[PDB]
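Structure first, then comments.
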Amino acid sequence: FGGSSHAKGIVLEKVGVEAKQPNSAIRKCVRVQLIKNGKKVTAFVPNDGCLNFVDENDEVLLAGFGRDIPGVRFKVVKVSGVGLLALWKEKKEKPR
Amino acid sequence: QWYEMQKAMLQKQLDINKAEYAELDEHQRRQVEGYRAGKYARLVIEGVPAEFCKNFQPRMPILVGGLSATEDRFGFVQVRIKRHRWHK
Amino acid sequence: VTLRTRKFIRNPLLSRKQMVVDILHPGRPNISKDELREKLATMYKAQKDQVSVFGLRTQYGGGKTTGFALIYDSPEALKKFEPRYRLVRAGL
Amino acid sequence: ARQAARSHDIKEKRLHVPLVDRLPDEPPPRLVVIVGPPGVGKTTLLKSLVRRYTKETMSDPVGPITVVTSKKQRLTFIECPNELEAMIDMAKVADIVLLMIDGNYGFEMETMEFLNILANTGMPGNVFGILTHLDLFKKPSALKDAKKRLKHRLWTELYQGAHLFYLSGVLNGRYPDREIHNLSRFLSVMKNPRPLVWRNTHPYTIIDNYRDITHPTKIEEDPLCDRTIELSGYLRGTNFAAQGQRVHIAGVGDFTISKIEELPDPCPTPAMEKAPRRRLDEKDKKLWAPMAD
Amino acid sequence: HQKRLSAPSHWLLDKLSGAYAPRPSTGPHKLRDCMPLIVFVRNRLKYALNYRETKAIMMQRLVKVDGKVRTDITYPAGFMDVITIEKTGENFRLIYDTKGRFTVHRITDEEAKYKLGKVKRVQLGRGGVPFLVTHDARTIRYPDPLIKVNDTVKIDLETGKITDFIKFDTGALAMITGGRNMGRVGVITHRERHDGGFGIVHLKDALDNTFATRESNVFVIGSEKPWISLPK
Amino acid sequence: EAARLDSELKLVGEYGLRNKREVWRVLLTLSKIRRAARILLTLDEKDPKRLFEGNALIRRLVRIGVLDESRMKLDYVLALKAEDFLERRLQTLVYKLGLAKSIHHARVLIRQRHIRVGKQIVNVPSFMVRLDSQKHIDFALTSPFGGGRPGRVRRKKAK
Amino acid sequence: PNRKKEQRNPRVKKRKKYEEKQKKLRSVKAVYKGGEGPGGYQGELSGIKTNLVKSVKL
RNA sequence: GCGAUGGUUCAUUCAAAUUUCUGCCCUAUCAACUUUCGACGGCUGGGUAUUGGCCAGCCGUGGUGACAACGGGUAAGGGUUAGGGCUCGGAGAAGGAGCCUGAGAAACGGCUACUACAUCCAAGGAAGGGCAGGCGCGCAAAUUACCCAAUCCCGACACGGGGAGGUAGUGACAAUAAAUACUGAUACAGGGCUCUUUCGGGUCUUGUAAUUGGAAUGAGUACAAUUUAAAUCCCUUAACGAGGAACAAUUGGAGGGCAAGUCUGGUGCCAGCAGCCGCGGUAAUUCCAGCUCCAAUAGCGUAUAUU
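Residue numbers (the entry's author numbering), protein chains in the order written: chain A, 43 to 109, 116 to 144; chain B, 737 to 824; chain C, 336 to 427; chain D, 40 to 314, 323 to 340; chain E, 8 to 239; chain F, 18 to 176; chain G, 591 to 648.
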């Protein structure tokens, strides 16, 4: 995207919130809308229990995903100014 | 510049009101748009229990909030809860 | 408490005796330069009040301590020829 | 190329969610809480701040204290008492927070409780750590060690690189004037409050003046009866309803509005009086403490 | 208020006196041909430590320069000024060395009593009187009538009168006080006129090095006759 | 690579080092010395640059005790190594002089200020001890192995 | 996560890693480890196997 | 008699002003240029501190240029020589216009008028024109620190005054050194490890949440003295300061084990995804009791661009 390394976005809708199996990639993927350009791209939350911190209409930083749905390119790094792995590790509370 | 376009649409709505109820005092400014924010105001509350007036201390302040139409109904709230990190 | 004076200079126009002092406390803590002013009265046959000590950096590893000592001919010569901060540190 | 990369990173840093402002043209006074554990000197900072601003030595300042600090904006200081009901009542209310830490003693559970109550309820714009009781120290190496460790723990708590002021002594029973002058340099120039969803949808009010308007024949008949209460304050959220507004008086319960009188300000703040000079002449430094002395 | 490196290379300062250096006050000798009294007392001789100590020496009548009491601290004393300190009972004299720097010379009253000064110009002053201007800006009224330009004079320094003079001569040993061959005590053996500006002399040392220096930069010191004691 | 990992692990084990940063530090200064020796071998024999600069380098290494006093050629200066540098460290010198039982005991002693090199106590275990100063490694006077007070656990037990 | 007392100190971990990798080396090759003891030759103390050729065939 | 203050002239110093020859980078899609504020002289005066077309009257015919004038482009070094280093280097004080002081200014320090902002007032009047700091989204990151104590400067003058200078504070952006343990004895178990070739081969001392014993402390706490303008740091330094349940090492990656639990598939008992969730129980539980391995280790990972 763009010319930058990380993009910001709005979480439009957590697609695959009603998927059955817990660590499905359709369960982990989230449709976000990038601020700078306006397009809706899909991004992976790194973990299914870590999906619960991503709420609707939250400013979300996302980066590339460099390594079950092959081709979803982005991963959610920060949510509302706090790092998502820190939220998952219970280091910080999310400012809303 | 989708962010500034969205913020400009919000400011356009925030100009459309205060442009639309700037037309009459007794009808719009009093009855349509209520009692606008920032203005000092005196409230008369009827039916307060007398234990409040007997145990009124000036330290612990008074916060008046406005309930919505939905905030007076009762029912089963389904919530997403988690214990705190430092609660034993 | 062992004392040696190197580089003793007369300076009569400033009227004050200039000594590079190498003092040694082995095994003791530091030297307490007011007590060193008391010590530099009988070593050079003077009053304690007309001596001012400054410099006084302790060498590495204890023992040696290099100070600079000035003995004036009179306390009033000290008063008219000493800096304000050294006069305050001495106590006059 | 690297200039373009840094420009793109900052252009992505500037972005947020497009929320609604809901701030009027003549805005209400921004609410400054003075929160801390018991015995830390919140009332002392209140006395010192109101003497800095309006030059009035209050011997016992209670309630909200409204203060003109600029020609456009004004403040109001409320000291939270040491009860959790008041802390949870005012954490959803506060516009800027003055969060007090007790120096040599370190952090306290009331400070951490208010920090995470505020973060869970709604994070305001400006929270300033104020570290006091620094004069109860003997070694000024232990002093800077305590300042460093308290700064780093507060930075872990709220965000990295916050403002932590150090208020050293208590000279005239009040505070040092230079320390509270730079504290007021930081809390005087101001930016618009953060668009919180709860404050931008629901209309609230923090009562400046209380009065019991009840007939003494009713009080003589029934000593414990339903009374009528005049509560005077600034309307702060969205606008109240013109008739029949349902009210939650926090700590008492739900009632309905019997009357609203909309009347002019006691702190006029000269933009509203003139409706491009910098300084504030002493005509303008008003004090409206209708419960304090 | 010049820096320590912008101070000239012939009154020395070490890495010690701060980044700044005192400027000489206006007076008899020049700016770039100068030793101030503070550099002479506390930076060369080290009879003092600080500026305030140098002031406490100078303000009381303890330092006399060319036989008169000089009070101000940055008084210029460039060349051959006898500096009498009475509490130490010494008289210093300023000469140069072979490398091109200032040199101090301790001496007593017998050689301290006179000054060897080079004549700058002879003229007829007001009153129809001939007068004589040296390099110390000393003007002597009614001189000896052969003392022309570039001749040196033994000034009395207790009355200031003329006592003797040394003529500009091819065969009289001289001292260089300027130029790229600065400070080289040797004998004037040749002199070339170059009328139209900037004439020269050719001069050799005691041990056969010929070089050409300008007649402004020369300074006569004596034929053999070392009338001031150059340090042995 | 496994060769680099096994080599650095052999160094860190054989001389009681803390991490691989100390190994890379020694390898960097060894590569600097060896690069200077190769640049001096580039020139022909009996060039004055090679003569005086190689004599300076060889006298420096013999004086700091790395290079042996027997072999003094620039080819042996090229044949130098990191085992020789870590042998010239102080901590292995305490272990080899036998003031300590193991190399980790030696690092512990040098950290908590028991040995001294010459006159002053030495707080750092990577102190490059020279050949002239190798003999004067002993327990300090303020240490309970040297004298003075019987020490800490001794005081708590003898009370 | 919960980590080890060995992992909280980077020297002690590299001491125990070297002691166990010097131990794994004795199970592959043969270390010298002193010649005959003070007691003399008590036999080849752990077996002699006859049909085993352990020479690098050039 | 010795000085201080003052005075004419000549010096001298500190300056300032002009002034002589040489040296700018490129270009002819720049060959004519100057006389278009006189262009080159010489005479006479004016003004200047003085010379001078610098300016005014009179006349003469010039001056530069293909050896590169003129125009255009804007991208505005010298000295000290092993080296690097070190040293030196136009216009405005809201806008034009005019004036005042002094040795030195066309100070911008003041005045006057006009123009343009803007403040107090009792509505008659009256004073005034800089930088630094924060925000510059609603989301952020180096002190509003202390002193002239050294070096230096200005004055009736040893004392009075200095926004150069020095002192301190922050800092995982880097960079430097290296803590978080060292060492024994005894008891008990018989397996530990490896691989090409694997229901096979290779090698011989390894363990344990076992029981005990020794010492060694620097982080921190800290009396002092010292350092310093006053403090801090440093160096000295008396006294405390280690048994894990702590003085509490991290960041990543790979893998095993688990239920009277849950979900899904289907020619019974199988398989898969997985599993903080189980009958009870939260002052209840003591459990894989702290699971195993690999990498870096006070550092480490991810994304994108990539090379």
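All residues carry an ideal CB built from backbone N, CA and C; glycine is no exception.
> Run through DSSP, which three-state label would residue 48 (chain D) get?
Replying inline: Numbered from 1 along the fourth sequence, position 9 holds the residue referred to as residue 48 (chain D). For residue 48 (chain D), the three-state secondary structure derived from DSSP is helix.
> Anyone know if the C-beta pair for residue 26 (chain F) and residue 607 (chain G) falls short of 8 Å?
Replying inline: Mapped onto the sixth sequence, residue 26 (chain F) falls at position 9. Mapped onto the seventh sequence, residue 607 (chain G) falls at position 17. With a cutoff of 8 Å on beta-carbon distance, residue 26 (chain F) and residue 607 (chain G) are scored as near each other.
> By a C-beta neighbour count over all protein chains shown, 10 Å radius and 16 as the cutoff for buried, is residue 801 (chain B) buried or exposed?
Replying inline: Working through the second sequence from its first residue, we reach residue 801 (chain B) at position 65. Residue 801 (chain B) is buried by the Cβ-count criterion.
> Looking at residue 74 (chain A) and residue 87 (chain A), is the spacing between their C-beta atoms short of 8 Å?
Replying inline: Sequence index remark: in the first sequence, residue 87 (chain A) carries index 45 (1-based). Sequence index remark: in the first sequence, residue 74 (chain A) carries index 32 (1-based). Result no, Cβ atoms of residue 87 (chain A) and residue 74 (chain A) do not sit closer than 8 Å.
> Is residue 259 (chain D) near the ligand NAP, judged by its Cβ being under 7 Å from some heavy atom?
Replying inline: As presented, the structure is devoid of all ligands, the ligand NAP included, so that no description of it is given.
> Going along the chain, which residues of its own chain have a beta-carbon closer than 6 Å to the beta-carbon of residue 321 (chain D), five neighbours each way excluded?
Replying inline: Since chain D is numbered 314 and then 323, with no step between, residue 321 (chain D) has no place in the structure shown.
> When you compare only the Cα positions, how much space is there between residue 178 (chain D) and residue 209 (chain D)?
Replying inline: Within the fourth sequence, the letter at position 139 stands for residue 178 (chain D). Within the fourth sequence, the letter at position 170 stands for residue 209 (chain D). The straight-line gap separating the alpha-carbon atoms of residue 178 (chain D) and residue 209 (chain D) is approximately 19 Å.
> Under the rule that 16 or more other beta-carbon atoms within 10 Å means buried, what is residue 221 (chain D), buried or exposed?
Replying inline: Residue 221 (chain D) sits at position 182 when you count from the first residue of the fourth sequence. Exposed: under 16 other Cβ atoms inside 10 Å.
>> Please classify residue 422 (chain C) as buried or exposed, where buried requires at least 16 other C-beta atoms within 10 Å of its C-beta.
In response: Reading the third sequence from its first residue, position 87 is the one you call residue 422 (chain C). Per the 10 Å Cβ criterion, exposed.
>> For residue 773 (chain B) and residue 273 (chain D), I'd like the C-alpha separation in whole angstroms.
In response: Walking along the second sequence from the start, residue 773 (chain B) turns up at place 37. Walking along the fourth sequence from the start, residue 273 (chain D) turns up at place 234. Approximately 8 Å between the Cα atoms of the pair.
> With 16 other CB atoms within 10 Å as the buried threshold, where does residue 118 (chain D) fall?
Replying inline: As a first step, residue 118 (chain D) is located in the fourth sequence; it is residue number 79 there, counting from the start. Around the Cβ of residue 118 (chain D), a 10 Å sphere holds 16 or more other Cβ atoms; the residue is buried.
>> Please list, in chain order, the chain B residues whose beta carbon lies closer than 8 Å to that of residue 138 (chain A).
In response: The count along the first sequence starts at 1 and reaches residue 138 (chain A) at position 90. Near residue 138 (chain A) (Cβ distances below 8 Å), the residues of chain B are 821.
> According to the neighbour-count rule (16 or more other Cβ atoms, all chains shown, within 10 Å of its Cβ), is residue 367 (chain C) buried or exposed?
Replying inline: In the third sequence, the residue the question calls residue 367 (chain C) occupies position 32. The residue is exposed, with fewer than 16 neighbouring Cβ atoms inside 10 Å.
> At a Cβ threshold of 8 Å, is residue 364 (chain C) touching chain E?
Replying inline: Your numbering for residue 364 (chain C) matches position 29 in the third sequence. So no, residue 364 (chain C) is outside the interface.
> Tell me, which residues are paired with residue 139 (chain E) by DSSP?
Replying inline: Residue mapping note: residue 139 (chain E) aligns to position 132 of the fifth sequence, counting from 1. Answer is E:129, E:147, bridged to residue 139 (chain E).
>> Counting only C-beta atoms, is residue 168 (chain D) closer than 8 Å to chain A at any point?
In response: Counting from one through the fourth sequence, the residue named residue 168 (chain D) turns up at place 129. It does not; no Cβ of chain A falls within 8 Å.
>> Our contact map puts residue 55 (chain F) next to residue 95 (chain F) with C-beta atoms below 8 Å; I'd like the distance itself, whole angstroms only.
In response: Residue 55 (chain F) sits at position 38 when you count from the first residue of the sixth sequence. Residue 95 (chain F) sits at position 78 when you count from the first residue of the sixth sequence. Between residue 95 (chain F) and residue 55 (chain F) the Cβ distance is about 6 Å, and since that is below 8 Å, they are a contact.
> Based on Cα-Cα distance, which residue from A:99, A:134, A:119 lies nearest to residue 126 (chain A)?
Replying inline: Locating residue 126 (chain A) in the first sequence gives position 78, counting from the first residue. Ranking A:99, A:134, A:119 by Cα distance to residue 126 (chain A) puts A:134 first.
> Can you name, in chain order, every residue of its own chain whose Cβ lies under 7 Å from the Cβ of residue 206 (chain E), other than the five neighbours on each side?
Replying inline: As a working note, residue 206 (chain E) is residue 199 in the fifth sequence. The beta carbon of residue 206 (chain E) sits closer than 7 Å to those of 199, 200, 222, all from its chain and outside the five residues before and after it, given in chain order.
> Can you tell which of D:160, D:174, D:165, D:148 has its C-alpha closest to the C-alpha of residue 142 (chain D)?
Replying inline: Locating residue 142 (chain D) in the fourth sequence gives position 103, where the first residue counts as 1. Per the Cα distances, D:174.
> So which residues on chain E does residue 416 (chain C) lean against when the C-beta distance must stay under 7 Å?
Replying inline: As a working mapping, residue 416 (chain C) is identified with position 81 in the third sequence. For residue 416 (chain C), the residues of chain E that pass the 7 Å Cβ criterion are 63, in the order they occur in the chain.
> Using a C-beta to C-beta distance shorter than 9 Å, which residues of chain E count as neighbours of residue 422 (chain C)?
Replying inline: For this step, residue 422 (chain C) is matched to residue 87 along the third sequence. Those do not exist, as residue 422 (chain C) stays about 13 Å from chain E at its closest Cβ, beyond 9 Å.
>> Residues in the same chain with beta-carbon distance under 6 Å from residue 204 (chain D), minus the five sequence neighbours each way, listed in chain order, please.
In response: For the purposes of this step, residue 204 (chain D) is taken as residue 165 along the fourth sequence, with counting starting at 1. Cβ within range, chain order: 169, 222.
>> Would the region 777-785 of chain B count as touching the region 293-303 of chain D if we require 3 or more Cβ pairs under 8 Å?
In response: These segments touch.
>> Strictly under 8 Å for the Cβ-Cβ distance: is residue 780 (chain B) near chain D by that measure?
In response: As a first step, residue 780 (chain B) must be located in the second sequence, where it is residue number 44. Yes, because at least one Cβ of chain D sits closer than 8 Å to the Cβ of residue 780 (chain B).
> Going along chain B, which residues have a C-beta under 9 Å from residue 67 (chain D)?
Replying inline: Residue numbering aside, residue 67 (chain D) sits at position 28 when the fourth sequence is read from its first letter. In chain order: 773, 774, 775, 776.
> Per DSSP, what kind of secondary structure is residue 51 (chain A) in: helix, strand or coil?
Replying inline: Counting from 1 along the first sequence, the entry for residue 51 (chain A) is found at position 9. If DSSP states are grouped into helix, strand and coil, residue 51 (chain A) belongs with the strands.
> Along chain C, which residues have their Cβ under 8 Å away from the Cβ of residue 14 (chain E)?
Replying inline: Within the fifth sequence, residue 14 (chain E) is the residue found at index 7, counting from 1. The premise fails here: residue 14 (chain E) is roughly 25 Å from chain C at the closest Cβ pair, so nothing lies under 8 Å.
> Comparing the C-beta of residue 30 (chain F) with each C-beta of chain G, is any distance below 8 Å?
Replying inline: Numbered from its first residue, the sixth sequence carries residue 30 (chain F) at position 13. Yes, residue 30 (chain F) counts as interfacial toward chain G.
>> Please list the terminal residues of the continuous beta strand (DSSP E) segment that includes residue 427 (chain C).
In response: Start at 1 with the first residue of the third sequence, and residue 427 (chain C) comes out as number 92. Run containing residue 427 (chain C): none; DSSP gives neither H nor E here.
>> I need the straight-line Cα distance from residue 193 (chain D) to residue 600 (chain G), nearest angstrom please.
In response: As a first step, residue 193 (chain D) must be located in the fourth sequence, where it is residue number 154. As a first step, residue 600 (chain G) must be located in the seventh sequence, where it is residue number 10. Going by the C-alpha atoms only, they are around 30 Å apart.
> With distances taken from CA atoms, which of B:809, B:780, B:752 is nearest residue 301 (chain D)?
Replying inline: Position 262 of the fourth sequence, counting from 1, holds the residue named residue 301 (chain D). Ranking the options by Cα distance to residue 301 (chain D), first place goes to B:780.
>> If I measure Cβ to Cβ from residue 99 (chain F) and keep anything under 8 Å in the same chain, skipping five residues before and after, which residues do I get?
In response: To locate residue 99 (chain F), count along the sixth sequence from 1; it is residue 82. Only 28, 40, 43, 44, 47 meet the Cβ criterion.
> Would you say residue 193 (chain D) reaches chain A, if we count a Cβ-Cβ gap shorter than 8 Å as a contact?
Replying inline: For the purposes of this step, residue 193 (chain D) is identified with residue 154 of the fourth sequence, where counting begins at 1. Judged by the 8 Å Cβ criterion, residue 193 (chain D) is not in contact with chain A.
> Taking 8 Å as the CB-CB limit, is residue 80 (chain A) close to chain B?
Replying inline: Position 38 of the first sequence, counting from 1, holds the residue named residue 80 (chain A). Taking Cβ atoms only, chain B reaches closer than 8 Å to residue 80 (chain A), which makes this a yes.
> Given that residue 42 (chain F) touches chain G, what residues does it touch there, using C-beta distances under 7 Å?
Replying inline: For this step, residue 42 (chain F) is matched to residue 25 along the sixth sequence. Near residue 42 (chain F) there are no residues of chain G at all, since even the closest Cβ is about 15 Å away, more than 7 Å.
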